[PDB]
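Below: one structure, written as structure tokens.
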Amino acid sequence: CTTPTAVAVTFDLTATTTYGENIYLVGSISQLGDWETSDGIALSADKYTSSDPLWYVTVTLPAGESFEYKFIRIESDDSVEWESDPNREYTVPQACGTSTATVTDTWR
Ligand SMILES: OC[C@H]1O[C@H]2O[C@H]3[C@H](O)[C@@H](O)[C@@H](O[C@H]4[C@H](O)[C@@H](O)[C@@H](O[C@H]5[C@H](O)[C@@H](O)[C@@H](O[C@H]6[C@H](O)[C@@H](O)[C@@H](O[C@H]7[C@H](O)[C@@H](O)[C@@H](O[C@H]8[C@H](O)[C@@H](O)[C@H](O[C@H]1[C@H](O)[C@H]2O)O[C@@H]8CO)O[C@@H]7CO)O[C@@H]6CO)O[C@@H]5CO)O[C@@H]4CO)O[C@@H]3CO
Ligand SMILES: OC[C@H]1O[C@H]2O[C@H]3[C@H](O)[C@@H](O)[C@@H](O[C@H]4[C@H](O)[C@@H](O)[C@@H](O[C@H]5[C@H](O)[C@@H](O)[C@@H](O[C@H]6[C@H](O)[C@@H](O)[C@H](O[C@H]7[C@H](O)[C@@H](O)[C@@H](O[C@H]8[C@H](O)[C@@H](O)[C@@H](O[C@H]1[C@H](O)[C@H]2O)O[C@@H]8CO)O[C@@H]7CO)O[C@@H]6CO)O[C@@H]5CO)O[C@@H]4CO)O[C@@H]3CO
């Protein structure tokens, strides 16, 4: 191991913003409130040049336990859209050697 226990997970959600919004990844953990997209995981068009139509993402979750992973597409007009259908639960372990994995999803 090393010392820190941050879980950098890369998520890739295929959606489409309107040049001004964010597709959220709220998980049930403090770094991932999951129930407050405020501290979830926003995916955007970073490489993309528009706003965030395929909304990719690469954030971290420092804990090493079970965190929920509900997704909520944040928008520019109304607000979010908690896609609570395709949900998950990243049970990040406390061990080391793999404190970062993937988290794929897509809007439909
Ligand atoms: O059905 C979903 C599909 O619908 C369309 O959505 C566009 C819409 O067509 C258009 O009106 C657009 O206009 C604004 C937009 O925000 C800007 O991107 C741009 O609009 C055009 C632009 O003028 C064109 O040059 C066009 O060229 C392409 C370019 O490679 C790139 O822009 C591409 O999309 C970029 C996004 O950053 C990224 O998401 C990804 O695109 C893929 C996404 O995964 C899909 O969600 C997306 O579906 C949309 C399309 O955006 C569009 O057809 O398209 C791709 C997969 O289908 O790659 C790029 C990252 O660099 O989009 C072009 C496709 O060859 O780009 C857009 C048209 O896409 O100027 C406007 C701002 O003033 O708004 C919507 C928003 O997507
Ligand atoms: O006004 C915006 C608030 O809602 C957020 O946006 C949406 C979000 O998806 C959700 O809140 C929902 O509204 C309610 C939902 O329909 C209910 O199903 C329920 O959700 C439950 C879920 O199963 C899940 O989230 C789970 O998670 C726990 C979490 O693990 C706890 O830590 C914590 O527990 C309590 C606790 O009292 C306290 O932490 C409190 O603190 C606030 C927190 O910041 C958010 O929950 C906030 O919600 C707003 C948020 O900003 C929007 O992004 O308000 C909380 C204060 O009430 O959180 C809870 C609530 O007391 O949170 C939960 C609960 O233990 O548990 C929840 C709840 O049991 O509740 C949802 C909220 O009422 O839809 C929103 C938009 O439609």
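Please note that chains go A, B, ... in the order of the structure tokens, that every chain numbers its residues from 1, and that ligands are numbered from 1 in the order shown.
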* **Expected selection as an NGL selection string for ligand 2 within 7 Å, only C-alpha atoms and all ligand atoms** => :A and (28-29 or 33-38 or 82)
Selection from above, N, CA, C and O atoms, as a CSV table (one decimal), in the first residue's frame, can you write it?
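And here's again39.csv as it stands now:
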chain,number,residue,atom,x,y,z
A,28,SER,N,-23.7,6.6,-2.8
A,28,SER,CA,-24.1,6.7,-1.4
A,28,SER,C,-22.9,6.8,-0.5
A,28,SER,O,-22.8,6.1,0.5
A,29,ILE,N,-22.0,7.8,-0.7
A,29,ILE,CA,-20.9,8.0,0.2
A,29,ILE,C,-20.7,9.5,0.3
A,29,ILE,O,-21.2,10.3,-0.4
A,33,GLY,N,-22.1,11.7,-2.0
A,33,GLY,CA,-23.4,11.8,-1.2
A,33,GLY,C,-24.4,10.8,-1.8
A,33,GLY,O,-25.2,10.2,-1.1
A,34,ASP,N,-24.4,10.7,-3.1
A,34,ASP,CA,-25.4,9.8,-3.8
A,34,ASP,C,-26.8,10.3,-3.7
A,34,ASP,O,-27.7,10.0,-4.4
A,35,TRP,N,-27.0,11.1,-2.7
A,35,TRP,CA,-28.4,11.6,-2.4
A,35,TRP,C,-28.3,13.1,-2.2
A,35,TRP,O,-29.0,13.8,-1.5
A,36,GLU,N,-27.3,13.6,-2.9
A,36,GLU,CA,-27.1,15.1,-3.0
A,36,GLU,C,-26.1,15.2,-4.1
A,36,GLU,O,-24.9,15.2,-3.9
A,37,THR,N,-26.6,15.2,-5.3
A,37,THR,CA,-25.6,15.3,-6.5
A,37,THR,C,-24.5,16.3,-6.2
A,37,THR,O,-23.5,16.4,-6.9
A,38,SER,N,-24.7,17.2,-5.2
A,38,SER,CA,-23.7,18.2,-5.0
A,38,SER,C,-22.3,17.6,-4.8
A,38,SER,O,-21.3,18.1,-5.2
A,82,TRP,N,-32.2,12.3,-11.5
A,82,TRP,CA,-31.6,11.1,-10.9
A,82,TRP,C,-31.9,9.8,-11.6
A,82,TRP,O,-32.9,9.1,-11.2
Write down as a short mmCIF file (atom, residue, chain, number, x, y, z; two decimals) with N, CA, C and O atoms, in the first residue's frame the residues of chain A whose backbone DSSP state falls under strand (DSSP E or B).
data_model
loop_
_atom_site.label_atom_id
_atom_site.label_comp_id
_atom_site.auth_asym_id
_atom_site.auth_seq_id
_atom_site.Cartn_x
_atom_site.Cartn_y
_atom_site.Cartn_z
N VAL A 9 -12.12 6.59 -9.79
CA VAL A 9 -12.83 5.67 -10.69
C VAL A 9 -13.15 6.44 -11.97
O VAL A 9 -13.57 7.58 -11.93
N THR A 10 -12.97 5.83 -13.11
CA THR A 10 -13.28 6.54 -14.37
C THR A 10 -14.67 6.12 -14.83
O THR A 10 -14.94 4.96 -15.04
N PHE A 11 -15.56 7.06 -15.00
CA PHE A 11 -16.92 6.70 -15.45
C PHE A 11 -17.13 7.25 -16.86
O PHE A 11 -16.59 8.28 -17.23
N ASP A 12 -17.92 6.58 -17.63
CA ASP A 12 -18.19 7.05 -19.01
C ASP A 12 -19.68 6.89 -19.29
O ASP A 12 -20.18 5.80 -19.46
N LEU A 13 -20.41 7.97 -19.30
CA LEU A 13 -21.88 7.86 -19.54
C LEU A 13 -22.25 8.53 -20.85
O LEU A 13 -21.97 9.68 -21.07
N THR A 14 -22.88 7.80 -21.73
CA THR A 14 -23.25 8.40 -23.04
C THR A 14 -24.61 9.11 -22.95
O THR A 14 -25.65 8.49 -22.86
N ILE A 23 -23.98 15.75 -16.17
CA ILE A 23 -24.65 14.45 -15.88
C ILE A 23 -24.01 13.88 -14.63
O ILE A 23 -22.83 13.61 -14.58
N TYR A 24 -24.77 13.84 -13.60
CA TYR A 24 -24.21 13.44 -12.30
C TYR A 24 -24.11 11.98 -11.97
O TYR A 24 -24.86 11.15 -12.41
N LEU A 43 -20.12 14.17 -14.87
CA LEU A 43 -19.38 13.76 -16.09
C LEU A 43 -19.61 14.86 -17.13
O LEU A 43 -20.69 15.40 -17.22
N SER A 44 -18.61 15.23 -17.89
CA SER A 44 -18.86 16.34 -18.87
C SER A 44 -18.08 16.16 -20.17
O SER A 44 -17.37 15.19 -20.37
N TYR A 56 -17.96 12.19 -19.90
CA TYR A 56 -17.03 11.13 -19.37
C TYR A 56 -16.76 11.50 -17.91
O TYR A 56 -17.46 12.32 -17.35
N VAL A 57 -15.73 10.99 -17.30
CA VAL A 57 -15.45 11.43 -15.90
C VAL A 57 -14.30 10.65 -15.27
O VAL A 57 -14.02 9.52 -15.62
N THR A 58 -13.66 11.26 -14.31
CA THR A 58 -12.54 10.61 -13.59
C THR A 58 -12.38 11.30 -12.23
O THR A 58 -11.62 12.23 -12.08
N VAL A 59 -13.11 10.85 -11.24
CA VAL A 59 -13.02 11.50 -9.90
C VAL A 59 -12.48 10.49 -8.89
O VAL A 59 -11.97 9.46 -9.25
N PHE A 67 -20.06 2.14 -1.02
CA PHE A 67 -20.68 3.45 -1.32
C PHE A 67 -21.70 3.20 -2.42
O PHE A 67 -21.44 2.43 -3.34
N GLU A 68 -22.85 3.80 -2.37
CA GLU A 68 -23.82 3.51 -3.47
C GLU A 68 -23.36 4.27 -4.70
O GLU A 68 -22.46 5.07 -4.64
N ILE A 72 -27.45 10.59 -11.58
CA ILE A 72 -28.43 11.66 -11.74
C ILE A 72 -27.91 12.61 -12.81
O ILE A 72 -26.90 13.23 -12.65
N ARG A 73 -28.59 12.74 -13.91
CA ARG A 73 -28.08 13.65 -14.96
C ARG A 73 -28.42 15.09 -14.59
O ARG A 73 -29.56 15.49 -14.60
N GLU A 89 -23.00 -0.03 -6.84
CA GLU A 89 -22.50 0.09 -5.43
C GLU A 89 -21.01 -0.23 -5.40
O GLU A 89 -20.61 -1.36 -5.21
N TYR A 90 -20.18 0.75 -5.61
CA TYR A 90 -18.72 0.52 -5.61
C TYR A 90 -18.25 0.15 -4.21
O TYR A 90 -18.04 1.00 -3.37
N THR A 102 -13.13 1.32 -12.96
CA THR A 102 -14.03 1.98 -13.95
C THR A 102 -15.45 2.00 -13.43
O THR A 102 -15.78 1.43 -12.41
N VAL A 103 -16.29 2.70 -14.13
CA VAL A 103 -17.70 2.84 -13.70
C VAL A 103 -18.50 3.27 -14.94
O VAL A 103 -18.78 4.44 -15.13
N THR A 104 -18.81 2.35 -15.81
CA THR A 104 -19.53 2.72 -17.07
C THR A 104 -21.04 2.78 -16.92
O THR A 104 -21.66 2.00 -16.24
N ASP A 105 -21.62 3.70 -17.65
CA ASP A 105 -23.09 3.83 -17.66
C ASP A 105 -23.48 4.65 -18.90
O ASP A 105 -22.63 5.14 -19.62
N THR A 106 -24.75 4.80 -19.17
CA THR A 106 -25.14 5.60 -20.36
C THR A 106 -26.60 6.02 -20.24
O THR A 106 -27.41 5.35 -19.64
#
Produce a table with one row for each residue of chain A that has an atom at most 10 Å from any atom of ligand 1, each row naming the nearest atom pair and its distance in Å at one decimal; use only C-alpha atoms and all ligand atoms; arrange rows by chain and rising residue number; format as CSV.
residue,atom,partner,partner_atom_place_in_ligand_line,distance
A:13,CA,ligand 1,44 (O),8.9
A:14,CA,ligand 1,44 (O),5.9
A:15,CA,ligand 1,46 (O),5.3
A:16,CA,ligand 1,46 (O),4.4
A:17,CA,ligand 1,76 (C),6.2
A:18,CA,ligand 1,76 (C),5.4
A:19,CA,ligand 1,16 (O),4.7
A:20,CA,ligand 1,16 (O),8.5
A:44,CA,ligand 1,37 (O),8.5
A:45,CA,ligand 1,37 (O),5.0
A:46,CA,ligand 1,37 (O),7.7
A:47,CA,ligand 1,61 (O),6.1
A:48,CA,ligand 1,37 (O),3.2
A:49,CA,ligand 1,37 (O),4.4
A:50,CA,ligand 1,16 (O),4.3
A:51,CA,ligand 1,16 (O),6.2
A:52,CA,ligand 1,39 (O),5.8
A:53,CA,ligand 1,39 (O),3.7
A:54,CA,ligand 1,44 (O),3.9
A:55,CA,ligand 1,39 (O),6.9
A:56,CA,ligand 1,39 (O),9.1
A:107,CA,ligand 1,46 (O),9.6
* Tell me which of A:21, A:108, A:60, A:99 sits closest to residue A:85, counting only C-alpha atoms. =>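 Looking at the shortest contact to residue A:85, the residue is A:108.
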* Asked: Taking into account only C-alpha atoms, which residue in the set A:22, A:79, A:31, A:5 is nearest to residue A:64?
  ->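 Of A:22, A:79, A:31, A:5, the one nearest residue A:64 is A:5, counting only C-alpha atoms.
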